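To start, the structure itself, in structure tokens.
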Amino acid sequence: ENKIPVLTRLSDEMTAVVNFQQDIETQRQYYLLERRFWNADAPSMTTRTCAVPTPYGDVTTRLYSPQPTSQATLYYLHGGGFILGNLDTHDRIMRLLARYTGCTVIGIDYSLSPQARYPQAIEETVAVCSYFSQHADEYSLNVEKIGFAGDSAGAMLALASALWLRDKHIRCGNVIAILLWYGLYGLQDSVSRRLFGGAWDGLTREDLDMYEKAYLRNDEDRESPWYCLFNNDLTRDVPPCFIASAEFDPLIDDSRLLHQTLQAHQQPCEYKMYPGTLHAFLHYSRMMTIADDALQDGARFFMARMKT
Ligand SMILES: [Cl-]
Ligand SMILES: [Cl-]
């Protein structure tokens with residue numbers, strides 16, 4: 001095997017997490033199990049769980065209110081390779097983003113693959129944003145300014161959904177920022193995909209292939225511009241993007257390409273690589289100060305756009 005371990009290059013914090021640990025419904029229940037510890041001791045706050053209609057049927061949302069009033073609404077799309085996760089697996093991340101931005105965070109429990117396929121989760125997200133834009137007063141929201149945020153597959157969904165709003169001309173509020181932690185955006189291969197990914201992070205080429213084959217309707221979708229975002233128009237009208245990457249993540253090149261593409265067209269963005277980290281590190285704030293730092297950095301980016 002040409003890939004070498006990244007263990008000795010990981011930060012002390014990251015190494016501590018690696019030392020701690022370690023059918024589809026069963027895999028989902030194990031993911032809930034692995035995630036439960038990391039979501040403990042999350043910021044206390046008001047929360048409402050609301051069913052929202054979509055073209056596919058209702059989708060559950062959770063509204064986190066860190067203060068009684070809000071000056072923007074941040075929609076959060078969780079990771080899990082399109083096949084795992086829910087609002088509880090990312091509860092702490094969402095509560096912390098709400099605390100740090102001072103704004104309502106709305107988590108979307110989008111339909112998982114392989115039962116759902118692309119672009120269902122995007123369409124559900126758009127339906128949710130449209131619903132809350134129409135019912136803002138009822139839910140005590142400020143929908144004049146909105147953002148999207150997500151980790152891993154959720155970062156894919158966040159950017160894809162914002163591009164869908166743009167491309168289909170759907171008005172849901174001014175999209176002031178998109179917060180993207182270690183996303184994938186359509187690369188099929190790359191330097192980092194060949195150097196990194198293994199048993200330690202569950203991101204071998206084989207794993208990445210499996211997630212894709214669960215998500216797409218068929219192989220033609222690999223080129224669709226809301227899956228391979230690099231096939232969309234990234235030369236204009238892209239909302240400001242905060243692009244965070246993990247150093248030893250096979251997906252880092254997807255973030256680098258997104259950054260470099262937006263830069264080439266003077267599209268607004270910030271890029272930051274978090275040194276010594278593996279993919280998925282945003283979940284480990286209870287043990288890793290850098291995970292909390294990455295959440296704060298994204299929150300600061302969002303807040304700076306509530307103004308400018
Ligand atoms: Cl499924
Ligand atoms: Cl870069």
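All residue numbers refer to positions in the sequence shown, counting from 1.
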Could you tell me whether the side chain of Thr60 and the main chain of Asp109 form a donor-acceptor pair under 3.5 Å?
-> no
Please tell me if the side chains of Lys145 and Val175 come closer than 4.5 Å, counting only heavy atoms from C-beta onward.
-> no
Ignoring hydrogens and geometry, is there a side-chain-to-backbone donor-acceptor pair from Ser70 to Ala72 under 3.5 Å?
-> yes
Look at the aromatic rings of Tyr131 and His135 and report parallel, tilted or perpendicular, splitting at 30° and 60°.
-> parallel
Test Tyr211 against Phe82 for ring-ring contact (aromatic ring centres under 6.0 Å, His included), laying out the working first.
-> CA-CA 7 Å; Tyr211 293 124; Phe82 308 108; 7.8 Å; no
Pairing residues for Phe37 by the ring pair (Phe, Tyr, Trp, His ring centres under 6.0 Å) criterion, not counting sequence neighbours = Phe20
Between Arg166 and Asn232, a side-chain donor and acceptor under 3.5 Å | yes
Going through the checks in order, is the side chain to side chain donor-acceptor pair (under 3.5 Å) test met by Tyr56 and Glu123?
-> CA-CA 9 Å; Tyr56 294 85; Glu123 294 185 82; 2.5 Å; yes
Check whether any side-chain heavy atom of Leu278 lies under 4.5 Å from a side-chain heavy atom of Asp249, and answer yes or no.
-> no
Could you tell me if the ring centre of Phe281 sits under 6.0 Å from that of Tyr182?
-> yes
Count the heavy atoms belonging to other residues, nucleotides or ligands that lie under 6.0 Å from CD of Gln21, then report whether that count exceeds 12.
-> yes
List the atom of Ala127, the atom of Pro55, and the distance in Å for their closest heavy-atom pair.
-> CB-CD, 3.9 Å
Close side-chain approach of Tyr185 and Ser255, heavy atoms under 4.5 Å = yes
Among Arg36, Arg35, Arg62, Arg28, the one residue meeting salt bridge (charged side-chain N to carboxylate O under 4.0 Å, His left out) with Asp88 | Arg62
Is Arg117 reaching over with its side chain to a backbone N or O of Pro114, donor-acceptor style, under 3.5 angstrom?
-> yes
Side-chain donor-acceptor pair present, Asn142, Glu144, cut-off under 3.5 Å = no
Should we count CD of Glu138 as having more than 12 external heavy atoms under 6.0 Å?
-> yes
Under the ring pair (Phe, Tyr, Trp, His ring centres under 6.0 Å) test, residues paired with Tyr284 that sit two or more places apart | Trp38
In terms of heavy-atom contacts, does CG of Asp23 have more than 12 from other residues, nucleotides or ligands at under 6.0 Å?
-> yes
Does CD in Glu25 sit with more than 12 non-hydrogen atoms of other residues, nucleotides or ligands closer than 6.0 Å?
-> yes
Which of these, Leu184, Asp253, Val238, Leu234, sits in a side chain to side chain contact (heavy atoms under 4.5 Å, CB included) with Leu258?
-> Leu234
Shortest non-hydrogen pair, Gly102 vs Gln67, comes out as O-OE1, 3.0 Å
Examine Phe148 together with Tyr75 and report whether their ring centres are nearer than 6.0 Å.
-> yes
Show me the donor-acceptor pairs within less than 3.5 Å that the side chains of residues 301-308 make with the rest of the protein, sequence neighbours left out.
from, atom 1, to, atom 2, distance (Å)
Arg305, NH1, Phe301, O, 3.1
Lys307, NZ, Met303, O, 2.7
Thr308, OG1, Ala304, O, 3.0

Partners passing side-chain hydrogen bond (donor to acceptor under 3.5 Å, both in side chains) against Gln260 (at least two apart in sequence or in another chain) = none
Do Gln71 and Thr69 have side-chain heavy atoms sitting under 4.5 Å apart?
-> yes
Does the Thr54 side chain pair with the main chain of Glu124, one donor and one acceptor, at a distance under 3.5 Å?
-> no
Flag yes if more than 12 heavy atoms outside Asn218 fall under 6.0 Å of its CG atom; otherwise flag no.
-> yes
Shortest non-hydrogen separation from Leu195 to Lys3 and the atoms involved = O-CG, 3.5 Å
Determine, for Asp91 against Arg95, whether the closest basic-nitrogen to carboxylate-oxygen distance falls under 4.0 angstrom.
-> yes
Can you tell me if CZ on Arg300 sees more than 12 non-hydrogen neighbours from other groups inside 6.0 Å?
-> yes
Could you name each residue pair satisfying ring pair (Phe, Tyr, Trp, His ring centres under 6.0 Å) that touches residues 83-105, not counting sequence neighbours?
-> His78-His90, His90-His283
Step-by-step side chain to side chain contact (heavy atoms under 4.5 Å, CB included) determination, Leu10 to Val18 | CA-CA 9 Å; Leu10 302 184; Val18 167; 4.1 Å; yes
With the side chain counted from C-beta on, respond yes when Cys241 and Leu262 share a heavy-atom pair under 4.5 Å apart, and no when they do not.
-> yes
Min side-chain heavy-atom separation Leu203-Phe196 under 4.5 Å = no
Is the backbone N or O of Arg92 less than 3.5 Å from a side-chain atom of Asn39, with the two atoms forming a donor-acceptor pair by type?
-> yes
Answer yes if the side chains of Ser245 and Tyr271 hold a donor-acceptor pair under 3.5 Å, and no otherwise.
-> yes
Flag for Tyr274-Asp297: side-chain donor and acceptor within less than 3.5 Å = yes
Is there a donor in the side chain of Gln188 and an acceptor in the side chain of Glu212, or the other way round, less than 3.5 Å apart?
-> yes
If every non-hydrogen atom of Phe248 is compared with every non-hydrogen atom of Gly276, which pair is closest and at what distance?
-> CE1-CA, 4.0 Å
Below 4.5 Å, heavy atoms only, C-beta onward: do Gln267 and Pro240 meet side chain to side chain?
-> no
Exactly one of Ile122, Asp151, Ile108, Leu159 clears side chain to side chain contact (heavy atoms under 4.5 Å, CB included) with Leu77, and that residue is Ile108
What pairs of residues pass the salt bridge (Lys or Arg N to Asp or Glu O under 4.0 Å) test when at least one of them lies in residues 184-196, not counting sequence neighbours?
-> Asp189-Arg194, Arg193-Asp254
Which heavy-atom pair separates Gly198 from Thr204 by the least distance, and what is that distance?
-> CA-CG2, 3.7 Å
Heavy-atom closest pair (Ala299 atom, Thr101 atom, distance to 0.1 Å) is CB-CG2, 3.6 Å
Does some side-chain heavy atom of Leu63 sit less than 4.5 Å from a side-chain heavy atom of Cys50?
-> yes
Determine the interplanar angle of the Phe242 and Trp181 rings, folded into 0 to 90°, and report it as parallel if under 30°, tilted if 30 to 60°, perpendicular if over 60°.
-> perpendicular
